[PDB]
Asker: 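This is the structure, below, for whatever I ask next.
We're numbering straight along the sequence, starting at 1.
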Amino acid sequence: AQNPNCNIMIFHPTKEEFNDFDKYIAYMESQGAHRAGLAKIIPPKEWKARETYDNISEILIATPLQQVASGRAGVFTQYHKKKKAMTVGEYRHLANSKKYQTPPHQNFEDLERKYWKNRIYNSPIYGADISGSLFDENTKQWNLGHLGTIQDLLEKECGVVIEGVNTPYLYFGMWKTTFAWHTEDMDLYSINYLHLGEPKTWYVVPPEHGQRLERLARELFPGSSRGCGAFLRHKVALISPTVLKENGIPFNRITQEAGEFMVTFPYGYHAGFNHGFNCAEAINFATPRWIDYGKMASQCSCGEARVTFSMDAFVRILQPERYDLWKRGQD
Ligand SMILES: O=C(O)CNC(=O)C(=O)O
Ligand SMILES: [Mg+2]
Ligand code: NI
Ligand SMILES: [Zn+2]
């Protein structure tokens, strides 16, 4: 079995190997990459996402989110307080202000220590989940707006045509902005490209061990767990690496830098934080191997998770027994 310790793997495809996206995902899996839940892909030196980032300041962040924490430094939840709209230029200035800017630090490990010590005492503002793309239309390789759609994959595997669309999303971050522990909708893959700015640190649990994280989470957030049998779908809970290690949960960590892709694999729980002002693009995708994970994915039906239009067909076709309860939670 390849990669039996479930380490995060880093790949360096050549320009020729960068042509066929599906083929390269399958190659990474042949080497055991999915066992980690997360892989890094460094593009060939000949590749670029677009020419420059000099002209992005007028993009609007209609609903910036202030991420307010509750709990203790290593075990906390966050809620999202909606703020007034602002442009990317305005948000960048805000990220760089004395109130929000990254502190002086020695290296990524020192900054990680500072994150986990001090995150809860601040409320950073995240420009997350903005429909759009920064890939040039002429970029033909690993262009996240030109991937095969998940509806097409389901139709190809299973023969049923379904409604829905699959488009990318932009994330504008600042120091301490946080993504809570989660797997993707319907335990899909995700791919994330860091277009510009400061790094993003990731934590990940191997898919074969995801239920160990779920059991810890129920212990640590007992009110939330009574509320909902799949409350990590709410995407509000944080648990630090120190707490994971104290509880024997298998995990890994890695830092993504500008110009690098990350892929998350089906049922790979992940969480993390931004180092300073940055912009990432991400989208969900599927392969043949995903279908079995989609059929078995948990679902939140308590009302909290609320999701896109396109999840309806995935539940309806892959999980008909659960569909009526899930859709009530949508309503
Ligand atoms: O970058 C973030 O805030 C969150 N990203 C992801 O969870 C992802 O790409 O799958
Ligand atoms: Mg602009
Ligand atoms: Ni994700
Ligand atoms: Zn729920």
Asker: Shared ILVMFWY cluster between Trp142 and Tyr27, side chains joined below 4.5 angstrom?
Answerer: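 Both belong to a single hydrophobic cluster.
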Asker: Could you tell me whether a side-chain N or O of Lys99 sits under 3.5 Å from a main-chain N or O of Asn96, the two making a donor and an acceptor?
Answerer: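 The answer is no, because no donor-acceptor pair under 3.5 Å joins these two groups.
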Asker: Please verify the inter-ring angle class for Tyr91 with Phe277; under 30° counts as parallel, over 60° as perpendicular, anything in between as tilted.
Answerer: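 Tilted.
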Asker: In Å, rounded to the nearest 0.5 Å, how long is the span from CG of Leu196 to CD1 of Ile56?
Answerer: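 Nearest 0.5 Å value for the CG-CD1 distance: 5.0 Å.
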Asker: Are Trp116 and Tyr203 an aromatic pair, judged by ring center distance below 6.0 Å?
Answerer: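 Judged by ring-centre distance (under 6.0 Å), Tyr203 and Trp116 do meet the cut-off.
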Asker: What side-chain donor-acceptor pairs closer than 3.5 Å can you find for residues 265-276, not counting sequence neighbours?
Answerer:
{"residue": "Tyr267", "atom": "OH", "partner": "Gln211", "partner atom": "N", "Å": "3.4"}
{"residue": "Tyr267", "atom": "OH", "partner": "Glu214", "partner atom": "OE1", "Å": "3.3"}
{"residue": "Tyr267", "atom": "OH", "partner": "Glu214", "partner atom": "OE2", "Å": "2.7"}
{"residue": "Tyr269", "atom": "OH", "partner": "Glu214", "partner atom": "OE2", "Å": "2.6"}
{"residue": "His270", "atom": "ND1", "partner": "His182", "partner atom": "O", "Å": "3.3"}
{"residue": "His270", "atom": "ND1", "partner": "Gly268", "partner atom": "O", "Å": "2.9"}
{"residue": "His270", "atom": "NE2", "partner": "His182", "partner atom": "NE2", "Å": "2.9"}
{"residue": "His270", "atom": "NE2", "partner": "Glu184", "partner atom": "OE2", "Å": "2.9"}
{"residue": "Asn274", "atom": "OD1", "partner": "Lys200", "partner atom": "NZ", "Å": "2.9"}
{"residue": "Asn274", "atom": "OD1", "partner": "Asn278", "partner atom": "ND2", "Å": "3.0"}
{"residue": "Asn274", "atom": "ND2", "partner": "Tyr126", "partner atom": "OH", "Å": "3.1"}
{"residue": "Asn274", "atom": "ND2", "partner": "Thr177", "partner atom": "OG1", "Å": "2.9"}
{"residue": "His275", "atom": "NE2", "partner": "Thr201", "partner atom": "OG1", "Å": "2.7"}

Asker: Under a 3.5 Å cutoff, is there a donor and acceptor pairing between the side chains of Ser70 and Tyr79?
Answerer: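 No - no donor-acceptor pair under 3.5 Å links their side chains.
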Asker: Do the ring planes of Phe135 and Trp47 sit parallel (below 30°), tilted (30 to 60°) or perpendicular (above 60°)?
Answerer: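 Ring orientation of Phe135 relative to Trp47: tilted.
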Asker: Under a 3.5 Å threshold, yes or no: a donor from one side chain and an acceptor from the other, between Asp312 and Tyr323?
Answerer: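 Looking only at side-chain atoms, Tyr323 and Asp312 do form a donor-acceptor pair, the distance falling under 3.5 Å.
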Asker: Between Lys40 and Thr255, which heavy-atom pair has the shortest distance, and what is it?
Answerer: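 For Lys40 versus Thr255, the nearest heavy atoms are NZ-O, 2.8 Å.
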Asker: Looking just at side-chain N and O atoms, do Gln67 and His80 make a donor-acceptor pair shorter than 3.5 Å?
Answerer: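 The criterion, which ignores hydrogens and geometry beyond distance, is satisfied for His80 and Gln67.
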Asker: Indicate whether the side chain of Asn19 and that of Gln141 have a donor and an acceptor atom separated by less than 3.5 Å.
Answerer: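 Judged by distance alone, the side chains do pair up.
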Asker: Would a distance-only check, ignoring hydrogens and angles, find a side-chain to backbone donor-acceptor pair under 3.5 Å from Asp152 to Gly148?
Answerer: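 Checked: no pair found.
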Asker: Looking only at non-hydrogen atoms, find the nearest pair between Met86 and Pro64 and report the distance.
Answerer: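 What the structure gives for the nearest pair is CE-CG, 4.0 Å.
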Asker: Please confirm whether the backbone N or O of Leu134 pairs with a side-chain atom of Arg50, one donor and one acceptor, at under 3.5 Å?
Answerer: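 Yes, because the side chain of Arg50 sits within donor-acceptor range (under 3.5 Å) of the backbone of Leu134.
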Asker: Does a sphere of radius 6.0 Å around NE2 in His93 hold more than 12 heavy atoms from other residues, nucleotides or ligands, not counting ones at 6.0 Å or beyond?
Answerer: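 Atom NE2 in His93 is not packed in, count stays at 12 or less.
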Asker: Nearest 0.5 Å, please: how far is NZ in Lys176 from CG in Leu111?
Answerer: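 Here the rounded value is 9.5 Å.
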Asker: Give, for atom OG of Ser310 and atom CG of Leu154, the distance between the pair rounded to the nearest 0.5 Å.
Answerer: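 Here the interatomic distance stands at 12.0 Å.
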Asker: Is a donor from one side chain sitting under 3.5 angstrom from an acceptor on the other, for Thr183 and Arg233?
Answerer: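 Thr183 vs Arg233: donor-acceptor pair found between side chains.
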Asker: State whether the side chain of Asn107 and the backbone N or O of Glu109 hold a donor-acceptor pair below 3.5 Å, judged by distance alone.
Answerer: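 Side chain of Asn107 to backbone of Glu109: a pair is present.
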Asker: Verify whether one side chain among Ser133 and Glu281 offers a donor that lies under 3.5 Å from an acceptor in the other.
Answerer: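 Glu281 and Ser133 do have a side-chain donor-acceptor pair below 3.5 Å.
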Asker: Compute the ring centroids of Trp290 and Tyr189, then answer whether they are less than 6.0 Å apart.
Answerer: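 Centroid distance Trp290-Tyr189: not below 6.0 Å, so no.
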